[PDB]
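Since the structure comes first, as structure tokens, the remarks are kept for the end.
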Amino acid sequence: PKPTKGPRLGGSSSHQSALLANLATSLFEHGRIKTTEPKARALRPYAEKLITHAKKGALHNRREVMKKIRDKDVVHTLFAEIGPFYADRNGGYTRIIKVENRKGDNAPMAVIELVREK
Amino acid sequence: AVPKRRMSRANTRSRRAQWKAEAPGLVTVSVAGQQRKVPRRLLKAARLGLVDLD
Amino acid sequence: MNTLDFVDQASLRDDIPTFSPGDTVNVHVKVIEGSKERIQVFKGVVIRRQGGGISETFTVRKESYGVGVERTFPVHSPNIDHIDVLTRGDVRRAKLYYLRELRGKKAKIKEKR
Amino acid sequence: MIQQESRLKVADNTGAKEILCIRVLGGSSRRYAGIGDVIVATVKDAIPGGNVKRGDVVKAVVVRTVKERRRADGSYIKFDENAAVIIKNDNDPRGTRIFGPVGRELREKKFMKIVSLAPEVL
Amino acid sequence: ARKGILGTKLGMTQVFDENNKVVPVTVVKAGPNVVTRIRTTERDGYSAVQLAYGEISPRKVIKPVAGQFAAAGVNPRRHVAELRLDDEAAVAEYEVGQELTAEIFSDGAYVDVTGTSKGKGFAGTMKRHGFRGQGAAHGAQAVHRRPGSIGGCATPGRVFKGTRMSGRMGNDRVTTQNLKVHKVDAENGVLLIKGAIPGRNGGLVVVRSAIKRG
RNA sequence: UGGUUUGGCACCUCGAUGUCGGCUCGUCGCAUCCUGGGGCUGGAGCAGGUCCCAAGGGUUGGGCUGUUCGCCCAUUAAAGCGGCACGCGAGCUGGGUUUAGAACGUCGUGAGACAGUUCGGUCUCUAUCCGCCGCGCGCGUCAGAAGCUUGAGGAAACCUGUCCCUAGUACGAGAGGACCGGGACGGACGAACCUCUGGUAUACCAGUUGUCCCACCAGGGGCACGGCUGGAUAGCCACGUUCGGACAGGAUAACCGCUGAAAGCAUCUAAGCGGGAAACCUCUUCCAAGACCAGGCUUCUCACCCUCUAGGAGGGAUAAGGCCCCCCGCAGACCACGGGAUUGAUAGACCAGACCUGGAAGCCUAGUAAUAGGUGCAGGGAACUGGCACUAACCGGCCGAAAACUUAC
Ligand SMILES: [Mg+2]
Ligand SMILES: [Mg+2]
Ligand SMILES: [Mg+2]
Ligand SMILES: [Mg+2]
Ligand SMILES: [Mg+2]
Ligand SMILES: [Mg+2]
Ligand SMILES: [Mg+2]
Ligand SMILES: [Mg+2]
Ligand SMILES: [Mg+2]
Ligand SMILES: [Mg+2]
Ligand SMILES: [Mg+2]
Ligand SMILES: [Mg+2]
Ligand SMILES: [Mg+2]
Ligand SMILES: [Mg+2]
Ligand SMILES: [Mg+2]
Ligand SMILES: [Mg+2]
Ligand SMILES: [Mg+2]
Ligand SMILES: [Mg+2]
Ligand SMILES: [Mg+2]
Ligand SMILES: [Mg+2]
Ligand SMILES: [Mg+2]
Ligand SMILES: [Mg+2]
Ligand SMILES: [Mg+2]
Ligand SMILES: [Mg+2]
Ligand SMILES: [Mg+2]
Ligand SMILES: [Mg+2]
Ligand SMILES: [Mg+2]
Ligand SMILES: [Mg+2]
Ligand SMILES: [Mg+2]
Ligand SMILES: [Mg+2]
Ligand SMILES: [Mg+2]
Ligand SMILES: [Mg+2]
Ligand SMILES: [Mg+2]
Ligand SMILES: [Mg+2]
Ligand SMILES: [Mg+2]
Ligand SMILES: [Mg+2]
Ligand SMILES: [Mg+2]
Ligand SMILES: [Mg+2]
Ligand SMILES: [Mg+2]
Ligand SMILES: [Mg+2]
Ligand SMILES: [Mg+2]
Ligand SMILES: [Mg+2]
Ligand SMILES: [Mg+2]
Ligand SMILES: [Mg+2]
Ligand SMILES: [Mg+2]
Ligand SMILES: [Mg+2]
Ligand SMILES: [Mg+2]
Ligand SMILES: [Mg+2]
Ligand SMILES: [Mg+2]
Ligand SMILES: [Mg+2]
Ligand SMILES: [Mg+2]
Ligand SMILES: [Mg+2]
Ligand SMILES: [Mg+2]
Ligand SMILES: [Mg+2]
Ligand SMILES: [Mg+2]
């Protein structure tokens, strides 16, 4: 993907990767998540790429997704349910909805969901 | 450094005036049978009911 | 697609033999000498190659009288008459920069069989 | 690619080994030296029995460079060690034998004796 | 007198001369253009011709511009510029509705290029104006790259309006003169210009007949 | 004449005027170093001596002393003289001078001193105003908007060398050796650009030390300057690629003149007419109608009400247009700028290509072993190019238009 044009988010590339992986696994487990807008903006392409790798199920893809997210239960449920459900759709795997602003810091949030129309 | 003299009242007020805030625009949206005003930035959230309204 | 392809194709030169870095090659190069040309032969080994389509370039190296020498040629240079590959090599990496600190027998490369 | 206070290896039989660059000719405040440029320098180490002893001041010409130099055709040249040739006022060599190959630019720089005496050219 | 033509910058590419030489060139797409208006002395006070370029959907343009183009008698276009001539005989050559192409030029004729520079953003003094910094060690106090002394003391006692110092750079019109032209392609209507010309990929550029020597 | 060195007066400042050089950065004068144009020579010519006009540009790098000053080493045309609180510490450097030790020598019996010598010795401050470099909001240009331009008026740059012809001719006893005019090749400086070479590459690839972890083999991950090593697509830059230094015209300084009385002659002059330079004005690039004489050519709408009291004004509703929000950029401190809003390729993903990297896992085979070979231009991959509405730009809100009159036609 395109690397962040400006300075990283958390204060280190390691923190970037770890936080992004944590958000990805949480999203896969739940389905709906609300957080700061920039985090969702950065996450969307990563989730799309992960689902792309998932779409064509095979041992190599299994190994890659495991290497990336590191959670056996999550990978199992992923390749058990999500994979086939997105068989006929090309691209456009996620949507982001803008939501109301915060009170403590006045920083906007946004909620992202998996497409479920079909 | 430091300032040398106390500026004039007129100068102070003139410089102060520009410091303010701007109001945002509103849009009419209908939910649950009544019309209430929300910013256009929250149209989809209001439609889907993901934003709480007092 | 290299949108400049429709202009590059006209000047693109065909009939270039395939080869890989780390192979013994000799090149025939044209030269002008007092309004009279001749053919000069340069035998050496290739160590790098940058993909550039029309601008692709490669290098050759040879040891001469205890001091090494190298050259760079545009792959589609009209001064090039024939490329004659001699042997096929085998090295793990695609770039052979590390040879510059080796002398004598150490500079030898395994032959691919 | 030679500047002031540099060390160059002599590829001649005059007896000099290393010469200390003083500065380069060709114009006021001339900064960078290229193949085929007249230079004035002084010898630092030389064979004890040589014709010229250490501490003299002489003029030479650069013949080899280690920095890639553009050729008008598009080919490039770099060498593994800088080399220079001792020269005198008449633009001819002081010695009689040249060691190692030499560049091609000398031909159009009009130094004919050096190219003729050189064993190989490029 | 002084011919001209519009175009667009595309990129860079190599071409080899018949004498077996190497010369980088730029590719410029001088697309077809139309003449919408002519300026005459007794009407305006000068002599010039108006051109247009670009393909745009009708609903894009605004109504006054659409009406102007309709009155002229041509379809809408994106950009418009003019070429300033020096006499009446030359302007007499051009007429409204005429179509121009890249053929008008011939190889070996020097021309000029006009365009806009890049966007560099706010930059420091040493970069924008090529100042020379000072010692980075042996007793520095965080003055590594700032200029330093700026003017006199009490005589006169100001900054001498016009002094060179920090500020934004780039994003302005720049021109280069007497550039050689190598080859012209009729079917593709593209130009091969030796050297590098200002602008950015997919930008606007106007080329004119050389003045200095042409 | 100049007030620039050494000097004389104590008139402004002891509830403070911080100090020599160096570094960086200017600006000005000419008593001219070259670059330019002339004349007089104890001017054969090259080359010299002197005077006159001329301030556009440039005026190197090193060794020695803290040094100013000064000496020396190698080229070029030269390595010019000075002012601006002996330019510049709210931009920087503390080498000595001017604090507290100790010593040497001298003076003094002593406490100490000596513009004599040697060693180390804290340099503070968050920008109110003027000014300057950039960018915004408001307001008028006489109905309101939009596209395109004239230029008063300003800014930017202004540098030269080597070689070959003319001709070994003119000149000169010889040695030696030209004016003018053409042709070729170079140094510095500046601008633009990334196609070739180079620098960089914090979500790329491969190897590898230690350790912990995913039940274990295999295979993987976290951490230890990205753990360390060998490699680079894009973007930004130079050591890289191109190009710039005018020609020509007008009026002038120094000088050279033609016709000519005063004053029968003579004289470049008092009437007139001419030649004559990087100096001046146009000619090169850029800014520019807040130039208040507020310019010029065009196209678009040129119409719906209410109120106070009918004198004008205010308020509400509209057209042209603009703005807010939304996706973005090589446009970017923020704003602004440029494109896009379903009548759609703006971004993301997918496919495909180029490119980078270098031969995946599993299986099988050979080898006891550590390892190698086949399935295989293999596997993985951001920045460049093309197709696809799969996702995201929406059933959307705010500003926004003739008091008029006088004169000839
Ligand atoms: Mg610059
Ligand atoms: Mg520096
Ligand atoms: Mg500090
Ligand atoms: Mg520092
Ligand atoms: Mg007094
Ligand atoms: Mg007083
Ligand atoms: Mg006082
Ligand atoms: Mg004080
Ligand atoms: Mg002071
Ligand atoms: Mg001081
Ligand atoms: Mg004078
Ligand atoms: Mg002179
Ligand atoms: Mg004289
Ligand atoms: Mg002068
Ligand atoms: Mg000037
Ligand atoms: Mg010293
Ligand atoms: Mg001064
Ligand atoms: Mg001072
Ligand atoms: Mg001074
Ligand atoms: Mg000064
Ligand atoms: Mg300060
Ligand atoms: Mg201050
Ligand atoms: Mg002391
Ligand atoms: Mg002191
Ligand atoms: Mg004491
Ligand atoms: Mg004491
Ligand atoms: Mg004593
Ligand atoms: Mg005594
Ligand atoms: Mg005593
Ligand atoms: Mg002593
Ligand atoms: Mg001490
Ligand atoms: Mg102090
Ligand atoms: Mg302080
Ligand atoms: Mg202040
Ligand atoms: Mg301020
Ligand atoms: Mg003007
Ligand atoms: Mg590099
Ligand atoms: Mg780099
Ligand atoms: Mg483990
Ligand atoms: Mg297992
Ligand atoms: Mg670890
Ligand atoms: Mg670290
Ligand atoms: Mg990392
Ligand atoms: Mg590394
Ligand atoms: Mg490579
Ligand atoms: Mg760069
Ligand atoms: Mg007379
Ligand atoms: Mg007379
Ligand atoms: Mg106006
Ligand atoms: Mg509007
Ligand atoms: Mg905008
Ligand atoms: Mg493997
Ligand atoms: Mg990519
Ligand atoms: Mg892109
Ligand atoms: Mg309103």
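Following the order of the structure tokens, chains are lettered A, B, ..., residues in each are numbered from 1, and ligands are numbered from 1.
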Expected answer as a PyMOL selection string: residues within 12 Å of ligand 45, only C-alpha atoms (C1' of nucleotides) and all ligand atoms: (chain C and resi 21+47-52+56-58+93-97) or (chain F and resi 205+230-233+355-358)
Chain E residues near chain D (8 Å cut-off, only C-alpha atoms) as a PyMOL selection string: chain E and resi 20-22
For the selection just defined, write its residues with N, CA, C and O atoms to a file, as a tab-separated table (two decimals), in the first residue's frame.
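Output file part.tsv is given in full below:
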chain	number	residue	atom	x	y	z
E	20	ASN	N	25.26	9.18	-34.82
E	20	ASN	CA	25.53	8.18	-33.79
E	20	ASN	C	25.73	8.85	-32.43
E	20	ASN	O	26.53	8.39	-31.61
E	21	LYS	N	25.00	9.92	-32.18
E	21	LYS	CA	25.09	10.68	-30.95
E	21	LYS	C	23.93	10.34	-30.02
E	21	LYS	O	23.01	9.60	-30.38
E	22	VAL	N	23.98	10.90	-28.81
E	22	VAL	CA	22.95	10.71	-27.80
E	22	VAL	C	22.49	12.07	-27.32
E	22	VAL	O	23.32	12.93	-26.99
Give me the residues near stretch 37-53 of chain B as a PyMOL selection string, where near means some atom within 7 Å (using only C-alpha atoms (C1' of nucleotides)) and where sequence neighbours in that chain fewer than 5 positions away do not count. (chain A and resi 97-100) or (chain B and resi 25-29) or (chain F and resi 325)
Writer output for current selection, N, CA, C and O atoms (P, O5', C5', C4', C3', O3' and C1' of nucleotides), as a PDB file, in the first residue's frame:
ATOM      1  N   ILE A  97     -18.354   5.237   7.916  1.00  0.00           N
ATOM      2  CA  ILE A  97     -19.413   6.199   8.195  1.00  0.00           C
ATOM      3  C   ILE A  97     -18.880   7.208   9.198  1.00  0.00           C
ATOM      4  O   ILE A  97     -18.342   6.827  10.245  1.00  0.00           O
ATOM      5  N   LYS A  98     -19.024   8.490   8.878  1.00  0.00           N
ATOM      6  CA  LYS A  98     -18.651   9.546   9.806  1.00  0.00           C
ATOM      7  C   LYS A  98     -19.691   9.653  10.913  1.00  0.00           C
ATOM      8  O   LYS A  98     -20.893   9.520  10.669  1.00  0.00           O
ATOM      9  N   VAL A  99     -19.223   9.891  12.136  1.00  0.00           N
ATOM     10  CA  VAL A  99     -20.077   9.948  13.311  1.00  0.00           C
ATOM     11  C   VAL A  99     -19.755  11.215  14.096  1.00  0.00           C
ATOM     12  O   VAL A  99     -18.916  12.022  13.701  1.00  0.00           O
ATOM     13  N   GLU A 100     -20.439  11.374  15.226  1.00  0.00           N
ATOM     14  CA  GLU A 100     -20.359  12.608  15.992  1.00  0.00           C
ATOM     15  C   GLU A 100     -18.990  12.756  16.648  1.00  0.00           C
ATOM     16  O   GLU A 100     -18.287  11.777  16.906  1.00  0.00           O
TER      17      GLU A 100
ATOM     18  N   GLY B  25     -23.246  25.077   9.354  1.00  0.00           N
ATOM     19  CA  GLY B  25     -24.533  24.965   8.703  1.00  0.00           C
ATOM     20  C   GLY B  25     -25.349  23.792   9.217  1.00  0.00           C
ATOM     21  O   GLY B  25     -24.836  22.863   9.838  1.00  0.00           O
ATOM     22  N   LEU B  26     -26.650  23.842   8.936  1.00  0.00           N
ATOM     23  CA  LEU B  26     -27.598  22.848   9.416  1.00  0.00           C
ATOM     24  C   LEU B  26     -28.416  22.310   8.250  1.00  0.00           C
ATOM     25  O   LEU B  26     -28.545  22.951   7.204  1.00  0.00           O
ATOM     26  N   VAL B  27     -28.968  21.115   8.446  1.00  0.00           N
ATOM     27  CA  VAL B  27     -29.818  20.471   7.454  1.00  0.00           C
ATOM     28  C   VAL B  27     -30.998  19.827   8.165  1.00  0.00           C
ATOM     29  O   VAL B  27     -30.895  19.396   9.317  1.00  0.00           O
ATOM     30  N   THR B  28     -32.127  19.761   7.466  1.00  0.00           N
ATOM     31  CA  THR B  28     -33.337  19.155   8.003  1.00  0.00           C
ATOM     32  C   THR B  28     -33.357  17.668   7.678  1.00  0.00           C
ATOM     33  O   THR B  28     -33.205  17.278   6.517  1.00  0.00           O
ATOM     34  N   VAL B  29     -33.544  16.845   8.705  1.00  0.00           N
ATOM     35  CA  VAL B  29     -33.630  15.398   8.550  1.00  0.00           C
ATOM     36  C   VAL B  29     -34.810  14.898   9.369  1.00  0.00           C
ATOM     37  O   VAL B  29     -35.059  15.380  10.478  1.00  0.00           O
TER      38      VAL B  29
ATOM     39  P     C F 325     -16.031  24.124   4.470  1.00  0.00           P
ATOM     40  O5'   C F 325     -16.828  22.744   4.467  1.00  0.00           O
ATOM     41  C5'   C F 325     -17.486  22.285   5.639  1.00  0.00           C
ATOM     42  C4'   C F 325     -18.451  21.166   5.338  1.00  0.00           C
ATOM     43  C3'   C F 325     -17.848  19.907   4.735  1.00  0.00           C
ATOM     44  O3'   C F 325     -17.263  19.051   5.700  1.00  0.00           O
ATOM     45  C1'   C F 325     -19.759  20.526   3.496  1.00  0.00           C
TER      46        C F 325
END
Neighbours of ligand 40 within 12 Å, counting only C-alpha atoms (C1' of nucleotides) and all ligand atoms, as number ranges by chain? F: 214-220
Could you list, as a PyMOL selection string, all the residues within 12 Å of ligand 2, counting only C-alpha atoms (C1' of nucleotides) and all ligand atoms? (chain E and resi 126-127+130-137+143-147) or (chain F and resi 23-24)
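Across the model, the gap from atom CA of residue E:176 to atom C1' of residue F:331 is 23.5 Å.
Distance-wise, atom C1' of residue F:177 and atom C1' of residue F:160 end up 26.5 Å apart.
Within 10 Å of chain D, counting only C-alpha atoms (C1' of nucleotides), chain F contributes residues 60, 61, 62, 74, 75, 76, 77, 161, 162, 186, 187, 188, 196, 197, 198, 239 and 240 of chain F.
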Could you report the residues within 9 Å of ligand 32, using only C-alpha atoms (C1' of nucleotides) and all ligand atoms, as a count of residues only? 3
What is the atom CA of residue D:59 to atom CA of residue C:65 distance in Å? 25.6 Å
Using only C-alpha atoms (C1' of nucleotides) and all ligand atoms, which residues of the polymer chains come no farther than 12 Å from ligand 18? I'd like the answer as a VMD selection string. (chain E and resid 152 to 155) or (chain F and resid 17 to 21 84 to 89)
Could you save the residues just selected, with N, CA, C and O atoms (P, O5', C5', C4', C3', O3' and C1' of nucleotides), as a PDB file, in the first residue's frame?
ATOM      1  N   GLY E 152      23.443  47.400   8.812  1.00  0.00           N
ATOM      2  CA  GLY E 152      24.301  48.293   9.560  1.00  0.00           C
ATOM      3  C   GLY E 152      23.747  48.638  10.930  1.00  0.00           C
ATOM      4  O   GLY E 152      22.694  48.164  11.357  1.00  0.00           O
ATOM      5  N   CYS E 153      24.489  49.495  11.630  1.00  0.00           N
ATOM      6  CA  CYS E 153      24.169  49.904  12.995  1.00  0.00           C
ATOM      7  C   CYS E 153      23.959  51.412  13.023  1.00  0.00           C
ATOM      8  O   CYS E 153      24.915  52.180  12.875  1.00  0.00           O
ATOM      9  N   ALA E 154      22.709  51.833  13.211  1.00  0.00           N
ATOM     10  CA  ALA E 154      22.303  53.225  13.379  1.00  0.00           C
ATOM     11  C   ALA E 154      22.585  54.084  12.155  1.00  0.00           C
ATOM     12  O   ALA E 154      22.348  55.296  12.205  1.00  0.00           O
ATOM     13  N   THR E 155      23.075  53.512  11.062  1.00  0.00           N
ATOM     14  CA  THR E 155      23.427  54.282   9.871  1.00  0.00           C
ATOM     15  C   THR E 155      23.296  53.359   8.668  1.00  0.00           C
ATOM     16  O   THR E 155      24.222  52.593   8.361  1.00  0.00           O
TER      17      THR E 155
ATOM     18  P     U F  17      24.229  53.979  29.117  1.00  0.00           P
ATOM     19  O5'   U F  17      24.980  53.379  27.848  1.00  0.00           O
ATOM     20  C5'   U F  17      24.308  53.229  26.607  1.00  0.00           C
ATOM     21  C4'   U F  17      25.246  52.764  25.523  1.00  0.00           C
ATOM     22  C3'   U F  17      26.153  51.598  25.882  1.00  0.00           C
ATOM     23  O3'   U F  17      25.508  50.342  25.773  1.00  0.00           O
ATOM     24  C1'   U F  17      27.423  53.293  24.833  1.00  0.00           C
ATOM     25  P     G F  18      25.860  49.159  26.802  1.00  0.00           P
ATOM     26  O5'   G F  18      27.405  48.871  26.548  1.00  0.00           O
ATOM     27  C5'   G F  18      27.853  48.368  25.300  1.00  0.00           C
ATOM     28  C4'   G F  18      29.156  47.623  25.435  1.00  0.00           C
ATOM     29  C3'   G F  18      29.564  46.791  24.230  1.00  0.00           C
ATOM     30  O3'   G F  18      30.218  47.561  23.237  1.00  0.00           O
ATOM     31  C1'   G F  18      29.757  45.483  26.189  1.00  0.00           C
ATOM     32  P     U F  19      30.697  46.877  21.866  1.00  0.00           P
ATOM     33  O5'   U F  19      32.209  46.462  22.150  1.00  0.00           O
ATOM     34  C5'   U F  19      33.197  47.448  22.405  1.00  0.00           C
ATOM     35  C4'   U F  19      34.525  46.824  22.752  1.00  0.00           C
ATOM     36  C3'   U F  19      35.084  45.841  21.736  1.00  0.00           C
ATOM     37  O3'   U F  19      35.733  46.481  20.651  1.00  0.00           O
ATOM     38  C1'   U F  19      35.254  44.919  23.908  1.00  0.00           C
ATOM     39  P     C F  20      35.555  45.928  19.152  1.00  0.00           P
ATOM     40  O5'   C F  20      36.996  45.367  18.770  1.00  0.00           O
ATOM     41  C5'   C F  20      38.112  46.238  18.668  1.00  0.00           C
ATOM     42  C4'   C F  20      39.394  45.482  18.424  1.00  0.00           C
ATOM     43  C3'   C F  20      39.515  44.772  17.085  1.00  0.00           C
ATOM     44  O3'   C F  20      39.889  45.633  16.026  1.00  0.00           O
ATOM     45  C1'   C F  20      40.180  43.308  18.808  1.00  0.00           C
ATOM     46  P     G F  21      39.576  45.217  14.507  1.00  0.00           P
ATOM     47  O5'   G F  21      40.181  43.749  14.370  1.00  0.00           O
ATOM     48  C5'   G F  21      39.868  42.943  13.243  1.00  0.00           C
ATOM     49  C4'   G F  21      40.524  41.587  13.321  1.00  0.00           C
ATOM     50  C3'   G F  21      39.921  40.514  12.427  1.00  0.00           C
ATOM     51  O3'   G F  21      40.389  40.574  11.092  1.00  0.00           O
ATOM     52  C1'   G F  21      40.176  39.656  14.606  1.00  0.00           C
ATOM     53  P     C F  84      33.445  54.780   9.070  1.00  0.00           P
ATOM     54  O5'   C F  84      31.962  54.363   8.670  1.00  0.00           O
ATOM     55  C5'   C F  84      30.960  55.349   8.477  1.00  0.00           C
ATOM     56  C4'   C F  84      29.646  54.727   8.083  1.00  0.00           C
ATOM     57  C3'   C F  84      29.193  53.549   8.929  1.00  0.00           C
ATOM     58  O3'   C F  84      28.575  53.956  10.138  1.00  0.00           O
ATOM     59  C1'   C F  84      28.931  53.032   6.629  1.00  0.00           C
ATOM     60  P     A F  85      28.304  52.888  11.306  1.00  0.00           P
ATOM     61  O5'   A F  85      28.612  53.680  12.653  1.00  0.00           O
ATOM     62  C5'   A F  85      29.881  54.298  12.835  1.00  0.00           C
ATOM     63  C4'   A F  85      30.395  54.084  14.235  1.00  0.00           C
ATOM     64  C3'   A F  85      30.564  52.641  14.683  1.00  0.00           C
ATOM     65  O3'   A F  85      31.768  52.089  14.185  1.00  0.00           O
ATOM     66  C1'   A F  85      29.499  53.899  16.388  1.00  0.00           C
ATOM     67  P     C F  86      32.565  50.955  14.998  1.00  0.00           P
ATOM     68  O5'   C F  86      33.912  50.792  14.170  1.00  0.00           O
ATOM     69  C5'   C F  86      34.737  51.916  13.910  1.00  0.00           C
ATOM     70  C4'   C F  86      35.743  51.622  12.831  1.00  0.00           C
ATOM     71  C3'   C F  86      36.089  50.154  12.640  1.00  0.00           C
ATOM     72  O3'   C F  86      35.163  49.488  11.800  1.00  0.00           O
ATOM     73  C1'   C F  86      38.079  51.416  12.801  1.00  0.00           C
ATOM     74  P     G F  87      34.419  48.153  12.297  1.00  0.00           P
ATOM     75  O5'   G F  87      33.050  48.153  11.483  1.00  0.00           O
ATOM     76  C5'   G F  87      32.199  49.288  11.503  1.00  0.00           C
ATOM     77  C4'   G F  87      30.863  49.002  10.866  1.00  0.00           C
ATOM     78  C3'   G F  87      30.116  47.784  11.383  1.00  0.00           C
ATOM     79  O3'   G F  87      29.426  48.042  12.594  1.00  0.00           O
ATOM     80  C1'   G F  87      30.057  47.814   9.014  1.00  0.00           C
ATOM     81  P     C F  88      30.014  47.522  13.997  1.00  0.00           P
ATOM     82  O5'   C F  88      29.235  46.161  14.264  1.00  0.00           O
ATOM     83  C5'   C F  88      27.828  46.158  14.445  1.00  0.00           C
ATOM     84  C4'   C F  88      27.179  45.031  13.685  1.00  0.00           C
ATOM     85  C3'   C F  88      27.498  43.626  14.170  1.00  0.00           C
ATOM     86  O3'   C F  88      26.679  43.233  15.257  1.00  0.00           O
ATOM     87  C1'   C F  88      27.709  43.736  11.806  1.00  0.00           C
ATOM     88  P     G F  89      27.192  43.380  16.773  1.00  0.00           P
ATOM     89  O5'   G F  89      27.760  41.937  17.130  1.00  0.00           O
ATOM     90  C5'   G F  89      27.023  40.769  16.809  1.00  0.00           C
ATOM     91  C4'   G F  89      26.694  39.962  18.039  1.00  0.00           C
ATOM     92  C3'   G F  89      26.151  40.743  19.225  1.00  0.00           C
ATOM     93  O3'   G F  89      24.759  40.987  19.095  1.00  0.00           O
ATOM     94  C1'   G F  89      27.800  39.178  19.945  1.00  0.00           C
TER      95        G F  89
END
What do you get as a ChimeraX atom specification if you pick all residues at most 10 Å from ligand 52, counting only C-alpha atoms (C1' of nucleotides) and all ligand atoms? /F:219,360-361,379
Selected residues written out, C-alpha atoms (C1' of nucleotides), as a PDB file, in the first residue's frame:
ATOM      1  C1'   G F 219       7.076 -23.312   9.106  1.00  0.00           C
ATOM      2  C1'   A F 360       8.188 -19.823  -2.212  1.00  0.00           C
ATOM      3  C1'   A F 361       5.580 -23.857   0.772  1.00  0.00           C
ATOM      4  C1'   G F 379       7.415 -16.828  -4.929  1.00  0.00           C
TER       5        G F 379
END
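With the cut-off set to 6 Å and only C-alpha atoms (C1' of nucleotides) counted, chain F residues close to chain E are residues 24, 25, 87, 88, 91, 131, 133, 134, 193, 195, 242, 299 and 300 of chain F.
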Give me every strand (DSSP E or B) residue in chain E, going by DSSP on the backbone, as a VMD selection string. chain E and resid 4 to 16 22 to 29 33 to 39 48 to 53 79 to 84 99 to 100 111 to 116 119 to 123 167 to 170 173 to 179 181 to 185 190 to 194 204 to 209
Find the residues near ligand 46. Use a cut-off of 9 Å, count only C-alpha atoms (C1' of nucleotides) and all ligand atoms, and write them as a VMD selection string. chain F and resid 194 199 to 200 235 to 238
Can you list, as a PyMOL selection string, all residues belonging to stretch 4-196 of chain E that DSSP tags as alpha helix (DSSP H)? chain E and resi 41-44+63-72+88-93+125-128
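You can rank B:23, B:35, B:1, B:30 by their closest distance to chain F using only C-alpha atoms (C1' of nucleotides), and at the top of that list sits B:1.
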For residue A:4, work out the shell of residues within 12 Å, counting only C-alpha atoms (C1' of nucleotides) and skipping chain neighbours fewer than 3 positions away, then give it as a PyMOL selection string. (chain A and resi 1+7-9+13+16+38-39+41-43+45) or (chain F and resi 202-203+382-383)
